[PDB]
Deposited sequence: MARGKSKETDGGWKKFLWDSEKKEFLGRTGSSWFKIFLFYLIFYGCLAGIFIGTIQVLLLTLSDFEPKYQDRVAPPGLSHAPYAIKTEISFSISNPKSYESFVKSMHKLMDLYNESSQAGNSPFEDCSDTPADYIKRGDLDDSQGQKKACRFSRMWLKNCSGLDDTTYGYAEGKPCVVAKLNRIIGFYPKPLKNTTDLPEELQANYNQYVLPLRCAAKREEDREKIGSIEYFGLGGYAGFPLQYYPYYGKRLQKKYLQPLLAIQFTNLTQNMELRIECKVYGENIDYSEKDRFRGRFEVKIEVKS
């Protein structure tokens, strides 16, 4: 033929069949032992998610949400993702004492449901009403963005203490139980309005620590609705929403490390 005879062509096939078969069987074996060394409830390493990311619902083309108020299908793209998220926080999804629980309607302290063990059933998560998100189809004019803190197993988000000076200096400082979120731009051509649990501009600490998908399915993380009823129009406004805390940090590279990058433009 090309290389060899039929007899040789066969033998080279019988070899590579057994050979690659063995190699596949060995590869699988090493994957088995790897998995055997891992927990079902907690990942081996967590230093790469460490400082929590802050992500929002409006799916930004490039950290930007520009549209026209005087146009219907101009914002119907951002309403798709906005709906996708809030559709999960339905009351019909949170039914019965299992696996949900009614928690303080005001920001409270942490809740420990034991260890990362299966020695108990599904760890009961705090309910969250999308109805706590006042004012927010969504904002056809002047968007109503929804913030979110990235989930990390066993992470206890710790707010800053009012020992020294603060950006939003001491205003509504629920020091003990709220992780604040203050959006900014100089360039003050807007109108910041925050909505959340208990009416505070933060995340209620009663939703922590997260026990993971395996030990807490259907779990709901707290949301923080933000509305920009800015009196300006037809210009790119670089708005940055920042979260503050002891376990919260940022990076010049990762522009989502505990903060937002939104470029709103109501070009109408």
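Numbered from the first deposited residue, the unresolved ranges run 1-24, 161-168, 218-222.
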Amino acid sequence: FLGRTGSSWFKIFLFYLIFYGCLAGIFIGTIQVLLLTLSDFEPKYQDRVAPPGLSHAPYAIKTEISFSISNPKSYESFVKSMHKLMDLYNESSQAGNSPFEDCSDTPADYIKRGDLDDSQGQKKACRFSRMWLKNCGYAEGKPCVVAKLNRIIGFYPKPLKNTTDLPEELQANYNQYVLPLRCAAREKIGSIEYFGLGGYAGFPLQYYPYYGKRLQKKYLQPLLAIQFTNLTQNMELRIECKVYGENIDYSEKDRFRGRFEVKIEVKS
From here on, numbers count along this sequence of modelled residues.
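Of the two stretches examined, 29-37 and 223-231, the record assigns the greater average C-alpha temperature factor to 223-231.
In this entry, 164-172 has the higher mean Cα B-factor, the comparison being between 108-116 and 164-172. Residues shown: 216, 46, 206, 63. Highest C-alpha temperature factor in the entry: 63.
Residue-level temperature factors show residue 154 in the lowest third of its chain, judged at the C-alpha atom. Residue 192 sits in the highest third of its chain by CA B factor, as recorded in the PDB entry. In the PDB entry, a CA B factor belonging to the middle third of its chain's modelled residues is recorded for residue 185.
When the modelled residues of the chain are ordered by their C-alpha B factor, residue 69 lands in the highest third. When all modelled residues of the chain are sorted by CA temperature factor, residue 241 is found within the middle third.
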